[PDB]
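Following: one structure in structure tokens, then a few remarks.
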Amino acid sequence: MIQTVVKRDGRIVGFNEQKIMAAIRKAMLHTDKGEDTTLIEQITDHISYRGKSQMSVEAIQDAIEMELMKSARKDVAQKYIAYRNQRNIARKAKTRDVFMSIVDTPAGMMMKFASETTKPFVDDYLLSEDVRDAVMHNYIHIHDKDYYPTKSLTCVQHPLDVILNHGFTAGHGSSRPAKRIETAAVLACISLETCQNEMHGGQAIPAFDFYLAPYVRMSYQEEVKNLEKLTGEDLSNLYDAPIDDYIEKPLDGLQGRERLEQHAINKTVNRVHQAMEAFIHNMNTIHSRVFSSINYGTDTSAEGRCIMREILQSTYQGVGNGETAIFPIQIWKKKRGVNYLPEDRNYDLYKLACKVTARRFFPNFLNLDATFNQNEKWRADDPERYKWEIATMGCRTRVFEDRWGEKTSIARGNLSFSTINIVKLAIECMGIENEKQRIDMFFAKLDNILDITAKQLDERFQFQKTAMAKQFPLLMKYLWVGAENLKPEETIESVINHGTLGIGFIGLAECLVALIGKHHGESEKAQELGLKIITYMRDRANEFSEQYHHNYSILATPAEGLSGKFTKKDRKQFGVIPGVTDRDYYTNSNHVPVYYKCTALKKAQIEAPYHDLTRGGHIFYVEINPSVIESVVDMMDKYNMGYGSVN
Amino acid sequence: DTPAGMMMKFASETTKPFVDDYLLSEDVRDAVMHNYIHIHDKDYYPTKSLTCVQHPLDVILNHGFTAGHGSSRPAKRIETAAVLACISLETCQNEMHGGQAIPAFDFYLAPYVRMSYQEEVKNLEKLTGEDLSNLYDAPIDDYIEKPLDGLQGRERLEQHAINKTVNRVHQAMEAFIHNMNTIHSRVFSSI
Amino acid sequence: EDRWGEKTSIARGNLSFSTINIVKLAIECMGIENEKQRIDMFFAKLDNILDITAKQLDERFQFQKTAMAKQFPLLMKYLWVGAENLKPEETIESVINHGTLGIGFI
Ligand SMILES: Nc1ncnc2c1ncn2[C@H]1C[C@H](O)[C@@H](COP(=O)(O)OP(=O)(O)OP(=O)(O)O)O1
Ligand SMILES: Nc1ncnc2c1ncn2[C@H]1C[C@H](O)[C@@H](COP(=O)(O)OP(=O)(O)OP(=O)(O)O)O1
Ligand SMILES: Nc1ncnc2c1ncn2[C@H]1C[C@H](O)[C@@H](COP(=O)(O)OP(=O)(O)OP(=O)(O)O)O1
Ligand SMILES: Nc1ncnc2c1ncn2[C@H]1C[C@H](O)[C@@H](COP(=O)(O)OP(=O)(O)OP(=O)(O)O)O1
Ligand SMILES: [Mg+2]
Ligand SMILES: [Mg+2]
């Protein structure tokens, strides 16, 4: 017989036959007909004679189910094998994440639930047949698929003045204009973090200098008024008194009316200083609690320089007890005639920027004079030059050109983008030995995959339109080109076309290995094909733009949600191949693989033409004194490099 | 209509039935299903949360806090104390499902009007070099406000302080009120 | 130690204890001869005796409460964890739980 049973916790107890009996009884009591001891006795006696000296709970339940199957009453087992499993899941949720297998902070868990619920429904009921077939076999990737039912857009560039000038009202919240520096950065943060809930991407504030520039004068005037309230003087000509730069130096060593004019500047500089560190800390804490970006570096006034110096000092110091802040992402604009050469006005700020970037990895650098960023309306005397300066985002996105509007990056955004798998096509075609036929097949398949991707992007577009204005309280009332003309319940079909659609690529070196023995950064013949394929994609993009009445651009994906999602599913189907499916990366859009020893010069040489070719986004990342970054910036200027991020 | 609302709706709808059919005894489920008991905030059951809490703001103000990759340092002025209070409220909201409250707001924010009044006086010393050191702990009955007309000397160089630490507090209070009222799209708050 | 207080040994003490015979169980488990089944019935009986013993201790604890503080003069008024808060008529329910209960062998 059986004498000892080991409980699940670990205790050892004696064999009681009255517990294997009540369990089956409760299972039977919910199955229409409910029987009596006639079968209970048989099952219990059969179990308690064939067993060993000591048993476990799980083994006994295995025996119970095995006997309840080999009976005539099989409607009692199907209510056993279910209750037991529910209890297993319940007792396994005290230390694990069982609820996720079926489909840490509370908010993150709820968001995971929602994402997993939404994704398959879109994958089934919304896409079309050809698109679905393409997606299933690992040919393309639709970025941010879980927000599809919400007719959402990617990002925007805030016209921050339209909110500071007048008052903004969202829901029951209302806010008046600003009248000093402290109440300006706060409103900038409010508007920057209020629009995340209306979009599924990053946020940016261009012209960080000009928009806040008028707000370094107001505090100066107020301080003068307070310094002439008690003194009885009539310092009425100090209001619009031209200034050279808001520098601060010690006060002792003067007297009279020249003593009450250096103090005001000192207090004003301190006031402006505290606000910027508050801004940085706020944006840094919000993330852990929200991508963000700010652009500056091309203002030659006296207030703009003050703001730039204050922000640079605050970032160089750090946050908290000296830690490096992760946000906001800061980007420095370089132009030939403003801040580059020693004779230019803002050389000192450039040197300070290099000093800080040598340590805290910000700001990045954006060549404002590249051959594909220049604009033919930038006038150095206008007080509104910023309207003709390119601006970029932390996601490496570019929105400059337009076939039906002006050439600006203000109050514009991106609407979607999808990446295309290219290594798989080369591996698939690898079969035939003749070289020419492999290239012919590659070009034959690339066209079809491109057509499918374009159709998917257009269908996304057609769905995104038809969204009422009220669904986006802030974006479609103050921060989009056509706002101020849209009624609360009108569709946004008349202003949506001022946007962009991207087609991204990933892993070109592997694609080259599958058609030649060397990648782009090892053999001269290799690059002649990479250039050709990128050129093919750009030409087809132009054709699609003409056909569908939209804007299309090529893209180097940021590699944030799609890093290994492609290589794993490719090793399984086709198995290991040397140097193609053996690393668990797939390299980025068009860089040189990180595992190949190469210098800065050669990498830049091989990469610049691609920068020219990819209008929708590009990068040039190099991993390592303030003089080091000078070499990087000079390298960017020498060639047509657009956006560098050395750090 | 906003994307966040739709995502939250999906989450709650996907979480309720699992709670009903996995993490409840038979009697509880029957009582729930027959309109006998209602469990407040059942969509948050797998997120083992708590509802309301009364904030000890002293620990947040005196020292700082290190959550995630963020950081902060002690507050040495009213305008940088109110903001920390708001930040604590909004950051603790995401880890619960109820409201947030601050008891004895007055006591918690009392010890910073005085620091402001000290910095304001120190600002006057660098202009009219004097001592003005009998005021750092001078006893003030009330920071009442009156016009600065009909005074002279050191008796007017002190009223000015009472007249400039009465407006920073005004701005900070109104900024707090506005900030906690714009959470419509940026939370339940009590003071 | 403690599970509802701080680590101290002042104004604290025992409440009661009981001792559990061990050898009788080994003697009873002597007919067995497998050398591995014999050692298991021992644990089988030990678990049950421990269960009943804990139940007895809890019952004695339940009876010990309901004792008015006026029948322990110089203990529930000056010498205990926190008796400066009780009254002659109040029972000592709110404070008794700072003591420890014991199980011994031989
Ligand atoms: N004394 C026992 N003798 C034999 N088998 C037992 C005994 N106790 C439990 N089992 C085994 C067989 C029963 O089919 C199965 C279910 O027992 P059950 O009493 O529901 O669980 P349990 O003993 O782990 O504790 P609980 O009281 O929490 O349910 O466990
Ligand atoms: N409502 C029911 N429907 C069907 N079978 C049931 C039901 N209740 C109990 N049973 C059967 C199957 C269970 O394996 C067996 C033991 O039930 P029970 O003691 O509630 O579970 P358990 O001991 O495995 O769970 P727990 O994790 O709560 O200890 O009885
Ligand atoms: N954190 C905040 N979030 C939202 N609104 C805020 C916040 N802080 C202040 N506000 C409000 C206060 C005002 O309504 C507006 C900013 O106005 P501001 O230029 O600072 O002064 P004001 O107009 O209130 O001053 P005055 O009292 O002289 O009229 O924004
Ligand atoms: N809006 C904000 N968001 C987040 N943290 C903030 C915000 N405003 C202030 N802080 C935090 C950052 C500072 O570390 C902390 C204390 O600020 P503050 O009183 O200016 O101290 P401090 O170290 O700058 O003092 P001081 O320069 O006057 O000696 O408050
Ligand atoms: Mg400070
Ligand atoms: Mg105001």
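Protein chains in written order, with the authors' numbering: chain B, 1 to 103, 120 to 305, 311 to 645, 652 to 674; chain A, 120 to 305, 311 to 315; chain C, 422 to 527. Note that CB positions come from ideal geometry on N, CA and C, so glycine has one too.
Going by C-alpha positions, residue 202 (chain B) is about 30 Å away from residue 160 (chain B).
Residue range 314 to 317 is occupied by the beta strand (DSSP E) that includes residue 316 (chain B). Counting only unbroken stretches of 4 or more residues, the alpha helix (DSSP H) elements lying wholly within the segment 185 to 252 of chain B are 198 to 210, 224 to 228 and 233 to 243, in sequence order.
A:175 is the residue among A:122, A:214, A:153 and A:175 whose C-alpha sits nearest the C-alpha of residue 204 (chain A). The set of residues with CB atoms less than 7 Å from any heavy atom of ligand 2 reads, in chain order, B:23, B:26, B:27, B:30, B:61, B:79, B:80, B:83, B:84, B:87, B:90, B:91 and A:145. Contact between residue 534 (chain B) and residue 434 (chain B) fails: their C-beta atoms lie close to 37 Å from each other, not under 8 Å. For the 8 Å CB-CB criterion, residue 142 (chain B) and residue 164 (chain B) form a contact. Proximity of the segment 207 to 221 of chain B to the segment 166 to 173 of chain B meets the contact definition, three or more beta-carbon pairs being nearer than 8 Å.
Interface residue (Cβ-Cβ distance to chain B less than 8 Å): residue 458 (chain C) is classified as such. Taking the C-beta atoms as reference points, residue 505 (chain B) is found no nearer than 8 Å to residue 490 (chain B).
Residues of chain B with a Cβ closer than 8 Å to the Cβ of residue 165 (chain A) are, in chain order, 93, 99 and 125. When B:530, B:132 and B:23 are compared, the shortest CA-CA separation from residue 103 (chain B) is found for B:132. In this structure, the CA atom of residue 260 (chain B) is about 52 Å from the CA atom of residue 528 (chain B). Three or more Cβ pairs closer than 8 Å define a contact, and the segment 233 to 247 of chain A meets that threshold against the segment 186 to 203 of chain A. Apart from the 5 residues on each side of it in sequence, residue 264 (chain B) sits with its Cβ closer than 6 Å to the Cβ of 282 and 285 in its chain, given in chain order. Between ligand 4 and the CB of residue 301 (chain B), the shortest heavy atom gap is smaller than 7 Å. Between residue 473 (chain B) and residue 140 (chain B) a beta carbon distance of about 18 Å is seen, past the 8 Å cut, so the two are scored as non-contacting. Chain-order list of chain A residues neighbouring residue 158 (chain B): empty, with the shortest C-beta distance near 17 Å, by a criterion of under 8 Å.
With 16 or more other CB atoms across the displayed protein chains lying within 10 angstroms of its CB, residue 578 (chain B) is buried. Here residue 559 (chain B) really is in contact with residue 575 (chain B); their C-beta atoms are around 6 Å apart, less than 8 Å. Taking 7 Å as the cut-off, the C-beta of residue 290 (chain B) counts as close to a heavy atom of ligand 5.
When beta bridges are read from the DSSP output, residue 344 (chain B) appears opposite B:340. Inclusion of residue 304 (chain B) and residue 183 (chain A) in the CB contact set at 8 Å is not warranted, their separation being larger than that value. Contact annotation: residue 76 (chain B) and residue 68 (chain B) have beta-carbon atoms nearer than 8 Å. Contact between residue 522 (chain B) and residue 571 (chain B) holds: CB atoms are separated by about 6 Å, below the 8 Å threshold. Pairing residue 670 (chain B) with residue 85 (chain B), the inter-Cα distance amounts to about 56 Å.
For the beta strand (DSSP E) assignment, the uninterrupted runs of no fewer than 3 residues enclosed by the segment 377 to 413 of chain B are, from N- to C-terminal side, 385 to 388.
In terms of beta-carbon proximity, residue 14 (chain B) lines the interface with chain C, with at least one pair separated by less than 8 Å.
In terms of side-chain proximity, the C-beta atom of residue 178 (chain A) is found no nearer than 7 Å to any non-hydrogen atom of ligand 4. Between the alpha carbons of residue 223 (chain A) and residue 329 (chain B) lies a gap of roughly 41 Å. Per DSSP, the beta-bridge partners of residue 434 (chain B) are B:520. Interface criterion met: the Cβ of residue 11 (chain B) is under 8 Å from a Cβ in chain C. Nearest in C-alpha terms to residue 148 (chain B), of all of B:470, B:409 and B:639, is B:470. Against chain C, a Cβ distance below 7 Å from residue 53 (chain B) picks out 458. Under the 10 Å beta carbon count, residue 338 (chain B) is surrounded by fewer than 16 other beta carbons and is classified as exposed. The DSSP-derived three-state label of residue 458 (chain C) is coil.
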